[PDB]
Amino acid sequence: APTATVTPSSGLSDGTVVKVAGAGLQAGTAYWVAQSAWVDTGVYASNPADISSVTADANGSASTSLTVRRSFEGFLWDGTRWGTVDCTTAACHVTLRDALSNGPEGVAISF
């Protein structure tokens, strides 16, 4: 099943560029590569601003470049502007989800 990795996953800051990668993905499929923080139970606030994208290769595998920040203005996956997120408090992490939300587990991160 889908796998996901980020690097560096710890010891980061605002602007620090990391390498997100995934596996078990559906070949040719487009996977959103964004950062988030479960603002609520089951719900996320992510940063479009530095958002990114990855398409799964033949072997459901791919990769791309992200640029994480300590704090960001947050948006829900429905469009809601949740405003400013974290400053080191709650746990942001990198999301890899497609058109149907399908994706691996959220790779927790820390600042």
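Start at 1 with the first residue shown and count on from there.
- If you average the C-alpha B-factors over 5-13 and over 20-28, the higher value belongs to 5-13.
- Averaged over their C-alpha atoms, the temperature factors of 80-88 and 49-57 are higher for 80-88.
- Annotation for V68, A62, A34, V43: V43 ranks highest, by Cα B-factor.
- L96: CA B factor in the lowest third of modelled residues in this chain (values from the PDB entry).
- Among all modelled residues in its chain, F75 ranks in the lowest third by Cα B-factor.
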